[PDB]
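Here the structure is laid out as structure tokens; the discussion comes afterwards.
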Amino acid sequence: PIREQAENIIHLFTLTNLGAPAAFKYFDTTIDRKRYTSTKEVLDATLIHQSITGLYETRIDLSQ
DNA sequence: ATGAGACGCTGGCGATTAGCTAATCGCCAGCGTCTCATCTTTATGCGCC
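Numbers 1301 to 1364, taken from full-length UniProt numbering, label the letters of the first sequence in order.
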């Protein structure tokens, strides 16, 4: 039914939530958390030194 | 002429689970012949505008 599928579509949003990844379920399908076990890709990413309203963005290209 | 709005351990381990070039050196390399002819070219030796 449509209602249950809506509730479980709602359940799926925690995967797209901001922040730490935590587990959840869709019906009986336990959907675990996707942890990022390697931090090598950050080393050549873009450092974002930040400000309280997110209006004043200062960006640093981590290539030095 | 009342009954909604306020939703979790995760990070830091082990310990699986999975998977990959690279640096060093050594080995070891298809080869055998003949015939036949064919042309060149070189060393030396001989001549004045």
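Note that the Cβ used here is the ideal one computed from N, Cα and C, for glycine as well.
Run through DSSP, which three-state label would residue i get?
i     : result
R1303 : helix
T1358 : strand
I1348 : strand
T1330 : strand
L1343 : helix
For residue i, list the residues DSSP reports as bridge partners.
i     : result
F1313 : Answer is none; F1313 lacks a bridge partner.
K1325 : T1330
Leaving out five residues before and five after residue i in sequence, what residues of the same chain have Cβ atoms less than 7 Å from its Cβ?
i     : result
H1349 : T1358 and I1360
Return the chain-ordered list of same chain residues with a C-beta closer than 8 Å to the C-beta of residue i, the five sequence neighbours on each side being excluded.
i            : result
residue 1248 : There is simply no residue 1248 to check, as the chain begins at 1301 and stops at 1364 in what is shown.
Using only the alpha-carbon positions, how far apart do residue i and residue j sit?
i     : j     : result
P1301 : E1307 : 10 Å
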